[PDB]
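Novice: Handing you a structure now.
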Amino acid sequence: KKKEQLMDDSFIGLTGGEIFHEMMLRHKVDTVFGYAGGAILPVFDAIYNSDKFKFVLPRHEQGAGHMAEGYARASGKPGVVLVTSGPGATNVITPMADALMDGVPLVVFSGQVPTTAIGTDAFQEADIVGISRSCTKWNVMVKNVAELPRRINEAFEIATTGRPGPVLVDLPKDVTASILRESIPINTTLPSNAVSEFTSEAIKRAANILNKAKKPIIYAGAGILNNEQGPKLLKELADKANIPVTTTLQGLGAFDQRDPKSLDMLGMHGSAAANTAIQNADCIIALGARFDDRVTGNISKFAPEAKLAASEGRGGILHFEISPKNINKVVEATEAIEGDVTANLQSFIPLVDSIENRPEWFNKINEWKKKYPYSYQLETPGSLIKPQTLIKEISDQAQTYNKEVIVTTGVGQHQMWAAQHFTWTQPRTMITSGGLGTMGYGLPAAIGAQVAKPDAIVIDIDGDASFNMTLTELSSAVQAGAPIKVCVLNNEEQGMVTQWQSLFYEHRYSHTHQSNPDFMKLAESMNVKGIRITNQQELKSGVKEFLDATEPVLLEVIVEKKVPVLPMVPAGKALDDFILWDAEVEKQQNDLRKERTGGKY
Amino acid sequence: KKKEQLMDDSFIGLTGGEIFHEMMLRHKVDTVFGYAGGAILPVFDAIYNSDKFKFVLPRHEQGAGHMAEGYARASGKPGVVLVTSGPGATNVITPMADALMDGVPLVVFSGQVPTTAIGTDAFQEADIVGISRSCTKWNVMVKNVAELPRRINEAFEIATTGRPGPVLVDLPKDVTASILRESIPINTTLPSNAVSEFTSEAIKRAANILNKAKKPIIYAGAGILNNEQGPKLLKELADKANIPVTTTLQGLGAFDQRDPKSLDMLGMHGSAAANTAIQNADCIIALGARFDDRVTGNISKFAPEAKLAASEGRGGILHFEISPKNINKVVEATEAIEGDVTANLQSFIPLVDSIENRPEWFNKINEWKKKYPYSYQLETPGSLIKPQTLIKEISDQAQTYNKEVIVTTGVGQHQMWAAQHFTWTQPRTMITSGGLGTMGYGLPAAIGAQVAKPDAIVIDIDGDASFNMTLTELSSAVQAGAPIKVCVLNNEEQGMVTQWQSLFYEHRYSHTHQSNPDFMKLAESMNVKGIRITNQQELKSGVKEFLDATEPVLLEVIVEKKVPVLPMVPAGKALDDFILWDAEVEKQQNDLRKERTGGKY
Amino acid sequence: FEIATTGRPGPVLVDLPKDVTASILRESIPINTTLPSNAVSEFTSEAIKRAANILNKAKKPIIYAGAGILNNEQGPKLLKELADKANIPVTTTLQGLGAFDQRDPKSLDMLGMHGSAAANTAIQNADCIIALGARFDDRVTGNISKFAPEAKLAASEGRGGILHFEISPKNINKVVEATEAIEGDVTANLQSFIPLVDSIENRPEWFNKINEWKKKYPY
Ligand SMILES: Cc1cc2nc3c(=O)[nH]c(=O)nc-3n(C[C@H](O)[C@H](O)[C@H](O)COP(=O)(O)OP(=O)(O)OC[C@H]3O[C@@H](n4cnc5c(N)ncnc54)[C@H](O)[C@@H]3O)c2cc1C
Ligand SMILES: Cc1cc2nc3c(=O)[nH]c(=O)nc-3n(C[C@H](O)[C@H](O)[C@H](O)COP(=O)(O)OP(=O)(O)OC[C@H]3O[C@@H](n4cnc5c(N)ncnc54)[C@H](O)[C@@H]3O)c2cc1C
Ligand SMILES: Cc1cc2nc3c(=O)[nH]c(=O)nc-3n(C[C@H](O)[C@H](O)[C@H](O)COP(=O)(O)OP(=O)(O)OC[C@H]3O[C@@H](n4cnc5c(N)ncnc54)[C@H](O)[C@@H]3O)c2cc1C
Ligand SMILES: COc1cnc(OC)n2nc(NS(=O)(=O)c3c(OCC(F)F)cccc3C(F)(F)F)nc12
Ligand SMILES: COc1cnc(OC)n2nc(NS(=O)(=O)c3c(OCC(F)F)cccc3C(F)(F)F)nc12
Ligand SMILES: C/C(NCc1cnc(C)nc1N)=C(/S)CCOP(=O)([O-])OP(=O)([O-])O
Ligand SMILES: C/C(NCc1cnc(C)nc1N)=C(/S)CCOP(=O)([O-])OP(=O)([O-])O
Ligand SMILES: [K+]
Ligand SMILES: [K+]
Ligand SMILES: [Mg+2]
Ligand SMILES: [Mg+2]
């Protein structure tokens, strides 16, 4: 009688495909991104005309992958991908690697050739379990239909726990076509569903360290976004102990940048005020951030004041991190607090002393913010639109709609300028490829985010070269009914690469100018509204038309070429050893570039 | 003095990037396909404005990969790819897997993060050596500049010997930026530069078997194309011993299909005459073909007459194969002849008896060819153009120019119809993704083939869904000056998948209808000539304008929807258990489809 | 434990970090994880019927039995029942030794590199080979292209061949092509096989050869 209670017969008679369908329902999947093919056909037949979730069809499986990423980052739910064997599966490798580097919960289901054909170099056979091993948290090949529910449960659990990340489940055609003939453990048919004394002591110790600090700073990242209460507790800590807050690129929106305590973004292209502050802080509170090499600058020269404080027992680095692999990986933590940062903050904050004022510290911070704004060369009569100005215009106008605003980007200068010049205020509103840094990410990510948030304004701030990578997915946006807003910053160059070529290779631009299509005729061919802004006098009204649109829309803006992103901490330099914008220096750079290229650039 | 003669000092003082450049020259590389990025910048600076080879810039690294494949298959030279780390490298995974499955010599050079940053989850770091291990013959990461020339030599050698295939060489940024300070063995600075008694005896034994055969057949594949004399010796053998010849998809063009001895293509969608002949042959001469599962049909039921003949010592299977892994992998060879098929044919043919006539065998063969043409439902008044007719029109008109004609394809029905209805006569004129079967292959492969053969007519016969995958590379064709000819068979469906859904899933079309852009406005946006054929009366003049064009051109043809590719040997059936076209059956299928879909399809 | 003991049995390894085994369980776990464990496909059933019809035609059958028959207590019993019913000589591998009573007149002893020349001669001349839980290892088959000529001829003429009872798909058609492959536990499949096999009283010609070979090929 007990055995009957622990076994389940309800799936008997169903195909593997039909069992897949049922398990999607039980895992509350409301959206699937995918593309059909021979090996995955039994699953596609099972989900035929399903009213249980929305299916989104891209033009390319890489599109499906990045869409699912955008969906996951906007919603906080795992992004589900369904593709066929061989090239269908190998086409998702870049999105999987992308999701691993940025901690994105992705569940990839790939069709596979029949088990009778595996290992024979069969039609459309790829060793995707072998290939994807390094770009997934975990993967598996299902070998019989009886274990399919269990493997699906395991995939979703692994993808969404610890540091979230991609998993892949390989589905042989004869398994998904086969019918379950036996009962299975009832726990495998259902999804899911205290603090260690060691961590509790670490938290108490961390509190005592912070209570001594005279120059504290919070360094917050993507981890704080993986709980709804995250930003709330971050604000509570900063308010109680009176601490300035800087964030990573992936942490943007975790803290209200309108708050006086906001130091904006830190790192290679972050605020020099933020970079100066972290180099001078005696206590660094790292909340869900991994000390990436775009953030720390030269590692041996990173955070000198905090390391000194640690040695003198009056400060140091307090690292709230969920993955042991990323604790003491780059920098030694004075105290490591393992687990979910939000949960641990609940225990941390009541032990932290309330502080009214920090006159000396905040005097320095206010002085640094004043002398280190995001300065750049403004428009002049007759000049092209400056890309920094464009971003500001979009940020100002977008904030006046009574809708949430979500931003995705491509990779390059436009991405950095978007990060710098938007005013970030809400969690999960910056959706950008940071770790892997995949060009082409912007458009499909926007589609995925728009599907997750149908009532949001979703803006893809894209580069012309990045947009070229995946522009076929415009048709996908129309077919999905996703009214995304794409803004292409057209500088007719791979700007981020030409910046480095100008700086380190004496203006030798080696293969960094790709030809662009006519973006207005392209938009027309894709059945998308097109807007082109070519001069300063069209900027305001053009951006308004862009944002007022109630349909998918592509905005092209002609912007100044050969303009560097500043500030910049060059590779190998300390975080406070930065290059700042200077008008006279820019003019000299222009003359030098003109001379060296014979007036071509 | 001897040591001075064996060491070389000539590269001392050069950066790794400059050494790469020199080694490309020494390997007679005339074309490089690639895309820049941070990790590979030292190499791009070294090849800046090089007049030693043509550089081709795609819009996407997958484009570079498939272009290099098309280049390699058209030219017989290795296709060289140059990309950056991370997403640049992961984007080449599908082309590498593609090249492995189809035996294409591909040399991929990928930038990598500095050695000081490897294994730290660095900016744009992917474990590409781990990821690409299953989709390359061999890969390596260069760890110091002194070993760079040797690794480049090894890569080219491995890629082009045995069964050709892809290799990857990983290039850390600090290695390519570093300068060679020491002498290296002089053999590493230069590229390169008898039959075993066992094989010789096998050849003699194989000859004696063929000299007994009463119903011989040649089964020829891609391997015969890997030597310039290949097709010549194939013809010499067939003529001398009077043997009918069938080829694989990848073998198309190895034998002049106008020859009476031609049995056309065999396999799942091959001629029923070819399939019948191989099932009844007492001796099968396999020349550079791997008995793939799209060719053999049900393996246990494959070649019954040849297996009987082997057991009775009067025939069997004679396998000329260069890779031991593919000998006795699928079917047992009666005699295995290891090595280059063309070289071994030179030893084989003089031992083979000359034969004047085979009255009985060729009477059967001629009868089979007569009753098994590639039949289909012809146009009727007012109907759309039939896709089979379109292919015939292009084949007939293309053959009247005084230029070589090279065909690339996408993947699906159009691919099979192209294979069936073109008349193949010349080697290396069918460039198609067969093993992996990658949609999106057609356009970039055409660009690569066109660059390899600037005086050739290059036609991409593409599907609408396949073309959507990589249509951004149209801009790439213009920028490269490659006057490719793209013909999109627009049936507004994933036809190959709907064929299987009609056949096995009762006309349940699950997510197999993607929306298409306006292909004429698309062509215009890409600065490409556009032609649209919508009815029967525009077919001839439209195809002529297509072929007469001296610029990149996109032709869209509206063709009949929901038409199956026939003949068809269903998966699991014997090669001679095929479905044939029948007019009445097609009509009944149409009525059934109409009823089941409520008149929607 | 499940993986080690199912399919073809084999080794598994479980790695146990010191701090895991020293740590204390503080949370409830699914009750199924706290307990160990605890029909024939139509495809296999048809293969079995087909295999029976092939054996019922055979004039020179031989059983080639290996370690697989030992992985069920009823294994040797069913092997003997089959051999007795259809009157078939039995040879075994090194790992199959003890599966068949070698005192039985139908015993051909061990085959292979150092096996009986009587067993080796018999398998090279048999028109039907019944492989029971054996993997055609290279110490057993001799030269693969020259292995079992009479059984391959019989298969081509539709009057015999190789009938392979094997639990692991990886070892089916790995070395030699099976005329019929019967997937699953050999003992369980024999229960379905034997009632379809015709009872045979004598094989005068075949057993005359076998007895002659045993006489001239002692150890
Ligand atoms: C062109 C370019 C320029 C760039 N320049 C910059 C720059 O100037 N500044 C900058 O900041 N970035 C920059 N980057 C991005 C950079 O590379 C990284 O992607 C980014 O800094 C990572 O931020 P993160 O640590 O907050 O997020 P992640 O990489 O996702 O790390 C989050 C950390 O928090 C942990 N974590 C996750 N969930 C939890 C939880 N629930 N509880 C506790 N811990 C958790 C994770 O395990 C991980 O260790 C740039 C990228 C590009 C493409
Ligand atoms: C939708 C679709 C349908 C298809 N249907 C068919 C079909 O009906 N018919 C068909 O034929 N194909 C079909 N295919 C293609 C099929 O999958 C294989 O790609 C193709 O049959 C392989 O042909 P091949 O053996 O000649 O080439 P390869 O796969 O390249 O094999 C060549 C063999 O020759 C060997 N070799 C290479 N060089 C030499 C040398 N110098 N000397 C000796 N040996 C050498 C190689 O090692 C290899 O074993 C289809 C593909 C698709 C996408
Ligand atoms: C010096 C030396 C000399 C040797 N010479 C010989 C020789 O002359 N003759 C000889 O026979 N061996 C010889 N061997 C041993 C030989 O190498 C192999 O180990 C042996 O032949 C394997 O026998 P086997 O196939 O029965 O067992 P296994 O290797 O264990 O194969 C058993 C097969 O049955 C399958 N199976 C397992 N369980 C089941 C089940 N429940 N139902 C169905 N199928 C199942 C397995 O998957 C496997 O395919 C020699 C070894 C040495 C060291
Ligand atoms: C050209 O072959 C196919 C074309 N289009 C297809 O669906 C749209 N399929 N679907 C299959 N399935 S298959 O034939 O059993 C098969 C396959 O068949 C093995 C044998 F049963 F023929 C081997 C490897 C892969 C596949 C795959 F992935 F395609 F399913 N083959 C094709
Ligand atoms: C945002 O960082 C870059 C943007 N654009 C670039 O070139 C177009 N590069 N180039 C680099 N080189 S890097 O800084 O030494 C570096 C890197 O730096 C390590 C340390 F020296 F900072 C770590 C991992 C990869 C790279 C890579 F691949 F980008 F070279 N970084 C960027
Ligand atoms: C080539 C390159 N980076 C290397 C590279 C190569 N390939 C891929 C898939 N991704 C990346 N990041 C950049 S950042 C160029 C970006 O050009 P852009 O899209 O027009 O943006 P912008 O000009 O504003 O810098
Ligand atoms: C989806 C699919 N195959 C599965 C698939 C999925 N994804 C990739 C990258 N490649 C393949 N082969 C086909 S063949 C559809 C082909 O549609 P088509 O390009 O319009 O050609 P056609 O309609 O003539 O069959
Ligand atoms: K800001
Ligand atoms: K033809
Ligand atoms: Mg740009
Ligand atoms: Mg189509």
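As shown in the structure tokens, the chain order sets the letters A, B, ...; within each chain, residues go from 1, and ligands are also counted from 1 in the order they appear.
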Contacts of segment 77-79 of chain B at 9 Å or less, counting only C-alpha atoms, minus same-chain residues fewer than 2 places along, as a ChimeraX atom specification?

Specialist: /B:29,31-33,65,67-75,81,104-108,156,159-160,164,166,448

Novice: How about saving the chosen residues, C-alpha atoms kept, as a CSV table (one decimal), in the first residue's frame?

Specialist:
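Result file follows (selection-v2.csv):
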chain,number,residue,atom,x,y,z
B,29,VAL,CA,47.1,31.3,-48.3
B,31,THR,CA,42.3,34.4,-48.8
B,32,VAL,CA,41.4,34.9,-45.1
B,33,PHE,CA,37.8,35.1,-43.7
B,65,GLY,CA,33.1,29.8,-41.2
B,67,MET,CA,32.4,31.1,-46.4
B,68,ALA,CA,35.7,29.4,-45.7
B,69,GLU,CA,34.0,26.1,-46.2
B,70,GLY,CA,32.6,27.2,-49.6
B,71,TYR,CA,36.0,28.5,-50.5
B,72,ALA,CA,37.7,25.2,-49.6
B,73,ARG,CA,35.2,23.0,-51.4
B,74,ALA,CA,35.4,25.1,-54.6
B,75,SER,CA,39.2,25.4,-54.6
B,81,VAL,CA,39.3,31.6,-40.5
B,104,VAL,CA,36.2,20.0,-45.3
B,105,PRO,CA,39.7,21.3,-44.7
B,106,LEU,CA,39.2,24.3,-42.3
B,107,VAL,CA,41.9,26.0,-40.4
B,108,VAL,CA,40.4,28.2,-37.6
B,156,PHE,CA,47.6,22.9,-42.0
B,159,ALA,CA,43.6,19.7,-41.9
B,160,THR,CA,44.6,18.6,-45.4
B,164,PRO,CA,40.3,16.5,-44.6
B,166,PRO,CA,38.7,21.3,-39.4
B,448,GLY,CA,33.3,31.8,-50.4

Novice: Could you please tell me, as a list in words, which residues of chain B have an atom within 7 Å of chain C when using only C-alpha atoms?

Specialist: residues 307, 308 and 311 of chain B

Novice: Which residues are near ligand 9 - at most 10 Å, using only C-alpha atoms and all ligand atoms? Format: as a compact mmCIF listing (two decimals) with N, CA and C atoms, in the first residue's frame.

Specialist:
# COMPACT_ATOMS: atom_id res chain seq x y z
N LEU B 252 28.22 14.26 -56.36
CA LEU B 252 27.64 14.81 -57.58
C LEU B 252 28.67 15.64 -58.35
N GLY B 253 28.83 15.32 -59.63
CA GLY B 253 29.79 16.01 -60.47
C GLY B 253 31.05 15.19 -60.71
N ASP B 256 30.10 12.25 -65.22
CA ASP B 256 29.27 12.95 -66.20
C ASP B 256 27.90 12.29 -66.30
N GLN B 257 26.87 12.95 -65.77
CA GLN B 257 25.53 12.35 -65.74
C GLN B 257 24.88 12.22 -67.11
N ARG B 258 25.50 12.78 -68.14
CA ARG B 258 25.01 12.62 -69.51
C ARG B 258 25.43 11.27 -70.09
N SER B 262 25.49 6.42 -66.34
CA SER B 262 25.15 7.16 -65.13
C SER B 262 23.81 6.70 -64.55
N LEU B 263 23.82 6.34 -63.27
CA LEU B 263 22.60 5.94 -62.57
C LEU B 263 22.06 7.06 -61.67
N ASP B 264 22.70 8.23 -61.75
CA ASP B 264 22.32 9.41 -60.95
C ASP B 264 22.58 9.16 -59.46
N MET B 265 21.93 9.93 -58.60
CA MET B 265 22.17 9.87 -57.15
C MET B 265 21.40 8.72 -56.50
N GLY B 270 17.25 9.67 -53.64
CA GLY B 270 17.93 9.39 -54.89
C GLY B 270 17.03 8.65 -55.87
N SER B 271 17.55 8.42 -57.07
CA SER B 271 16.81 7.68 -58.10
C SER B 271 16.48 6.26 -57.66
N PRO B 373 11.99 7.60 -63.67
CA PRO B 373 12.49 8.97 -63.80
C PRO B 373 12.09 9.80 -62.58
N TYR B 374 12.65 11.00 -62.45
CA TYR B 374 12.23 11.91 -61.39
C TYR B 374 10.90 12.58 -61.74
N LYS B 392 14.95 22.78 -63.22
CA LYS B 392 15.25 22.39 -64.59
C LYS B 392 15.54 23.61 -65.47
N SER B 395 18.98 24.98 -64.56
CA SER B 395 19.99 24.06 -65.08
C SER B 395 20.20 24.19 -66.59
N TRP B 417 15.75 18.83 -54.53
CA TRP B 417 15.31 19.07 -55.89
C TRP B 417 16.46 19.59 -56.75
N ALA B 418 17.34 20.39 -56.15
CA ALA B 418 18.54 20.84 -56.85
C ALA B 418 19.43 19.65 -57.20
N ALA B 419 19.61 18.76 -56.23
CA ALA B 419 20.42 17.56 -56.43
C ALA B 419 19.84 16.70 -57.55
N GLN B 420 18.52 16.51 -57.53
CA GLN B 420 17.85 15.67 -58.51
C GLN B 420 17.85 16.26 -59.92
N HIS B 421 17.53 17.54 -60.04
CA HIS B 421 17.13 18.06 -61.34
C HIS B 421 18.18 18.90 -62.07
N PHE B 422 19.29 19.20 -61.41
CA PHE B 422 20.45 19.70 -62.15
C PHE B 422 21.09 18.54 -62.88
N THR B 423 21.75 18.83 -64.00
CA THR B 423 22.55 17.83 -64.68
C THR B 423 24.01 18.06 -64.29
N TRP B 424 24.56 17.14 -63.51
CA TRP B 424 25.90 17.32 -62.95
C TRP B 424 26.97 16.71 -63.85
N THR B 425 28.01 17.49 -64.16
CA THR B 425 29.02 17.07 -65.13
C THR B 425 30.47 17.35 -64.71

Novice: Would you mind listing what lies within 6 Å of segment 291-303 of chain B as a VMD selection string, with only C-alpha atoms counted and same-chain residues fewer than 4 positions away left out?

Specialist: chain B and resid 267 to 268 279 572 to 575

Novice: Near residue 525 of chain A, counting only C-alpha atoms, which residues have an atom at most 6 Å away, once you skip same-chain residues fewer than 2 positions from it, shown as a PyMOL selection string?

Specialist: (chain A and resi 522-523+527) or (chain B and resi 517-518+521-522)

Novice: Export N, CA, C and O atoms of the chosen residues as a PDB file, in the first residue's frame?

Specialist:
ATOM      1  N   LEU A 522      15.579  48.347 -44.997  1.00  0.00           N
ATOM      2  CA  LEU A 522      15.594  47.094 -44.249  1.00  0.00           C
ATOM      3  C   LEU A 522      14.369  46.972 -43.346  1.00  0.00           C
ATOM      4  O   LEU A 522      13.695  45.941 -43.338  1.00  0.00           O
ATOM      5  N   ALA A 523      14.099  48.023 -42.578  1.00  0.00           N
ATOM      6  CA  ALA A 523      12.947  48.046 -41.682  1.00  0.00           C
ATOM      7  C   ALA A 523      11.659  47.843 -42.476  1.00  0.00           C
ATOM      8  O   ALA A 523      10.772  47.086 -42.074  1.00  0.00           O
ATOM      9  N   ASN A 527       8.683  44.737 -42.434  1.00  0.00           N
ATOM     10  CA  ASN A 527       7.383  45.220 -41.965  1.00  0.00           C
ATOM     11  C   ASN A 527       7.483  45.916 -40.601  1.00  0.00           C
ATOM     12  O   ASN A 527       6.606  45.780 -39.744  1.00  0.00           O
TER      13      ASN A 527
ATOM     14  N   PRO B 517      10.426  38.190 -44.831  1.00  0.00           N
ATOM     15  CA  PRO B 517      10.486  39.604 -45.209  1.00  0.00           C
ATOM     16  C   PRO B 517      10.125  39.786 -46.680  1.00  0.00           C
ATOM     17  O   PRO B 517      10.040  38.799 -47.420  1.00  0.00           O
ATOM     18  N   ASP B 518       9.896  41.030 -47.088  1.00  0.00           N
ATOM     19  CA  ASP B 518       9.771  41.364 -48.502  1.00  0.00           C
ATOM     20  C   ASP B 518      11.164  41.229 -49.108  1.00  0.00           C
ATOM     21  O   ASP B 518      12.032  42.068 -48.861  1.00  0.00           O
ATOM     22  N   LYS B 521      12.518  44.266 -51.286  1.00  0.00           N
ATOM     23  CA  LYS B 521      12.934  45.437 -50.520  1.00  0.00           C
ATOM     24  C   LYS B 521      14.193  45.123 -49.723  1.00  0.00           C
ATOM     25  O   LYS B 521      15.053  45.987 -49.547  1.00  0.00           O
ATOM     26  N   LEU B 522      14.306  43.880 -49.263  1.00  0.00           N
ATOM     27  CA  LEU B 522      15.515  43.423 -48.584  1.00  0.00           C
ATOM     28  C   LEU B 522      16.739  43.547 -49.488  1.00  0.00           C
ATOM     29  O   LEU B 522      17.773  44.074 -49.078  1.00  0.00           O
TER      30      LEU B 522
END

Novice: Can you check which residues of chain B have any atom within 6 Å of chain A? Use only C-alpha atoms and format it as a VMD selection string.

Specialist: chain B and resid 44 48 59 to 60 86 to 87 90 94 123 to 124 131 435 to 436 438 468 to 469 510 517 to 518 521 to 522 525 to 526

Novice: Using only C-alpha atoms and all ligand atoms, find each residue in chain B having at least one atom no more than 8 Å away from ligand 11; report its shortest atom-to-atom pair and that distance in Å (one decimal), rows by chain then rising number, as a Markdown table.

Specialist:
| residue | atom | partner | partner_atom_place_in_ligand_line | distance |
| --- | --- | --- | --- | --- |
| B:412 | CA | ligand 11 | 1 (Mg) | 7.4 |
| B:413 | CA | ligand 11 | 1 (Mg) | 7.5 |
| B:414 | CA | ligand 11 | 1 (Mg) | 7.6 |
| B:463 | CA | ligand 11 | 1 (Mg) | 4.6 |
| B:464 | CA | ligand 11 | 1 (Mg) | 4.6 |
| B:465 | CA | ligand 11 | 1 (Mg) | 5.3 |
| B:466 | CA | ligand 11 | 1 (Mg) | 7.4 |
| B:489 | CA | ligand 11 | 1 (Mg) | 6.6 |
| B:490 | CA | ligand 11 | 1 (Mg) | 5.7 |
| B:491 | CA | ligand 11 | 1 (Mg) | 4.9 |
| B:492 | CA | ligand 11 | 1 (Mg) | 5.4 |
| B:493 | CA | ligand 11 | 1 (Mg) | 4.2 |
| B:494 | CA | ligand 11 | 1 (Mg) | 4.4 |
| B:495 | CA | ligand 11 | 1 (Mg) | 4.9 |
| B:496 | CA | ligand 11 | 1 (Mg) | 7.7 |

Novice: Of the candidates B:25, B:80, B:168, B:287, which shows the shortest atom-to-atom distance to residue 342 of chain B, using only C-alpha atoms?

Specialist: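 Checking each of B:25, B:80, B:168, B:287 against residue 342 of chain B, counting only C-alpha atoms, the winner is B:287.
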
Novice: Quick check, in Å to one decimal: how far apart do atom CA of residue 142 of chain A and atom CA of residue 118 of chain A lie?

Specialist: 12.4 Å

Novice: Do a neighbour search on segment 5-22 of chain A at 10 Å with only C-alpha atoms, toss out local chain neighbours closer than 4 positions, and write the hits as a PyMOL selection string.

Specialist: (chain A and resi 1+26-27+29+40-48+50+52-53+109+144-149+152+171-189) or (chain C and resi 31-32)

Novice: Residues near residue 45 of chain C, anyone? I mean within 12 Å using only C-alpha atoms, not counting same-chain ones fewer than 4 positions away, as number ranges by chain.

Specialist: C: 39-41, 49-52, 180-184, 188-193, 196

Novice: May I have the selected residues written with C-alpha atoms, as a tab-separated table (two decimals), in the first residue's frame?

Specialist:
chain	number	residue	atom	x	y	z
C	39	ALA	CA	7.01	-5.98	-20.28
C	40	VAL	CA	8.66	-7.07	-23.53
C	41	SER	CA	8.51	-4.59	-26.41
C	49	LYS	CA	9.51	-15.05	-33.30
C	50	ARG	CA	11.70	-14.39	-36.33
C	51	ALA	CA	14.71	-15.90	-34.57
C	52	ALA	CA	12.70	-19.03	-33.73
C	180	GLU	CA	18.42	-11.21	-35.50
C	181	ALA	CA	19.21	-9.13	-32.44
C	182	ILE	CA	17.25	-9.92	-29.29
C	183	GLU	CA	17.72	-7.09	-26.82
C	184	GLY	CA	17.35	-7.55	-23.07
C	188	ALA	CA	14.05	-13.67	-19.71
C	189	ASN	CA	14.07	-13.71	-23.52
C	190	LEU	CA	14.85	-17.45	-23.58
C	191	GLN	CA	11.56	-18.04	-21.72
C	192	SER	CA	9.75	-16.53	-24.70
C	193	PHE	CA	12.08	-18.10	-27.27
C	196	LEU	CA	8.51	-21.23	-30.24

Novice: For residue 441 of chain A, which residue out of A:229, A:193, A:411, A:552 is the nearest one, using only C-alpha atoms?

Specialist: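 Among A:229, A:193, A:411, A:552, it is A:411 that comes nearest to residue 441 of chain A.
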
Novice: So, with only C-alpha atoms and all ligand atoms as the atoms that count, which of B:547, B:461, B:266, B:217 lies closest to ligand 7?

Specialist: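 Using only C-alpha atoms and all ligand atoms, ligand 7 sits closest to B:461.
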
Novice: Using DSSP on the backbone coordinates, identify the residues of segment 94-329 of chain B assigned to strand (DSSP E); present them as a ChimeraX atom specification.

Specialist: /B:106-112,138-141,166-172,184-185,216-220,245-247,262-265,283-287,316-321

Novice: Could you please extract the residues within 7 Å of ligand 3, counting only C-alpha atoms and all ligand atoms, and hand them back as a PyMOL selection string?

Specialist: chain C and resi 7-9+65-69+71-72+92-96+110-115+132-140+165-168+171+184-187

Novice: Distance atom CA of residue 541 of chain A-atom CA of residue 451 of chain A, one decimal place?

Specialist: 27.7 Å

Novice: Just want the 7 Å neighbourhood of residue 88 of chain C, counted on only C-alpha atoms, with same-chain residues fewer than 6 positions away dropped. Output as a PDB file with N, CA, C and O atoms, in the first residue's frame.

Specialist:
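The result, written out as around-v1.pdb:
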ATOM      1  N   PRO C  61      23.008 -26.352 -36.065  1.00  0.00           N
ATOM      2  CA  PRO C  61      23.004 -25.265 -35.084  1.00  0.00           C
ATOM      3  C   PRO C  61      24.114 -25.423 -34.054  1.00  0.00           C
ATOM      4  O   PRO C  61      24.588 -26.538 -33.825  1.00  0.00           O
ATOM      5  N   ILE C  62      24.525 -24.313 -33.448  1.00  0.00           N
ATOM      6  CA  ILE C  62      25.451 -24.354 -32.327  1.00  0.00           C
ATOM      7  C   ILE C  62      25.134 -23.204 -31.372  1.00  0.00           C
ATOM      8  O   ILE C  62      24.787 -22.098 -31.797  1.00  0.00           O
ATOM      9  N   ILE C  63      25.219 -23.482 -30.078  1.00  0.00           N
ATOM     10  CA  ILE C  63      25.044 -22.449 -29.070  1.00  0.00           C
ATOM     11  C   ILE C  63      26.404 -21.931 -28.627  1.00  0.00           C
ATOM     12  O   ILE C  63      27.299 -22.710 -28.304  1.00  0.00           O
ATOM     13  N   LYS C 106      26.700 -33.207 -25.410  1.00  0.00           N
ATOM     14  CA  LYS C 106      26.518 -32.057 -26.292  1.00  0.00           C
ATOM     15  C   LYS C 106      27.541 -30.949 -26.036  1.00  0.00           C
ATOM     16  O   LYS C 106      27.562 -29.944 -26.746  1.00  0.00           O
TER      17      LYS C 106
END
